[PDB]
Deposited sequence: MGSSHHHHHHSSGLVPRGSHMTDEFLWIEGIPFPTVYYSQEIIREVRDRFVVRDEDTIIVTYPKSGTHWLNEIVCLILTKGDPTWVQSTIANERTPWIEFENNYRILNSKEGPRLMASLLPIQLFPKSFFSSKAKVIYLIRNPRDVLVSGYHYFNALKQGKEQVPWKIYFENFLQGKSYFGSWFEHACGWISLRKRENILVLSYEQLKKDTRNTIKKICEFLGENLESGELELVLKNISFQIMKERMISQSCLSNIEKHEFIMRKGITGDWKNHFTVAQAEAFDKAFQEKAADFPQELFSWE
């Protein structure tokens, strides 16, 4: 079995259960002062996690060097993390990968802050292809064009990227959530991190801001991270981290097919972010 089907959504086989998903959706309370990072896989989740954690530490890498992403911002749906986050007081820093139909319903009646990271779905496809083939054995790997077809038909972890992205950015103009793109993070870096500083209320000044940028660059973040693969292919999430790698993978035919499927599965989607 490639996936575990929970609420009509394909999940990874390990780390997730239906009962937990249901509980998280129906009973986990999102408290007004909470702040949650919500992404789709291979959109730059580790990058944004590190962005936020370096903003909070004002550039001091020590925390992100000593810890992994799930220790800093525990994923709500991940494992039995909900027990921990329920049995914890104060303002909580959490993360998530679910589409809105599975996000905790309580959040829709609160001023909890949510940062939604989006990426060009083609680069998302490419990053996922490389990462999921990254450490499988040659015979058991997935050829490019069948992974491409599976992505276009929603046979991907946490369901269709189109449904996920559409449902999440349909709430964009709410005050308590803001969307931002991996491309924005890659080229309009300083403006973007200052905007998320505004949104999170975290005050940060000169020097510390230069520190954050330097520490969030791909190269030295990669050196940091290679310093632990119990639940991730630790060696393999830092691939090359540019924008537009899909042009090196998509044939013209595949690009036209992708644009077509994008235009009926996400007709109500403007690409101003990319």
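Not built in the structure, per the record, are deposited positions 1 to 22, 250 to 252, 300 to 302.
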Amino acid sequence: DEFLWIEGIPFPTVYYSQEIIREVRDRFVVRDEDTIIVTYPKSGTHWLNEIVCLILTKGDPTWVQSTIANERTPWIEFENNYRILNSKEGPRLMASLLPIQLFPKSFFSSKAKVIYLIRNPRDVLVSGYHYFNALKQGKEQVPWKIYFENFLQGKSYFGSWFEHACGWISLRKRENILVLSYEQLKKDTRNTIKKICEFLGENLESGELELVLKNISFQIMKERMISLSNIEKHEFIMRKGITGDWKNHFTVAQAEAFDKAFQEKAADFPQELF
From here on, numbers count along this sequence of modelled residues.
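Taking the PDB entry as given, 187 to 195 carries the higher mean Cα B factor of the two stretches 187 to 195 and 73 to 81. In this entry, the higher average B-factor at the C-alpha atoms falls on 199 to 207, of the pair 87 to 95 and 199 to 207. Of the candidates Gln141, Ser160, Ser127, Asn120, the one whose C-alpha carries the top B factor in the deposited record is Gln141.
Ranked against the other modelled residues of its chain, the C-alpha B-factor of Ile21 as given in the entry falls in the lowest third. Ranked against the other modelled residues of its chain, the C-alpha B-factor of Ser109 as given in the entry falls in the highest third. Among the modelled residues of its chain, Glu50 has a C-alpha B-factor that falls in the lowest third according to the deposited record. For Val14, the recorded CA B-factor ranks within the lowest third of the chain. Only modelled residues enter the ranking. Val179: CA B factor in the middle third of modelled residues in this chain (values from the PDB entry).
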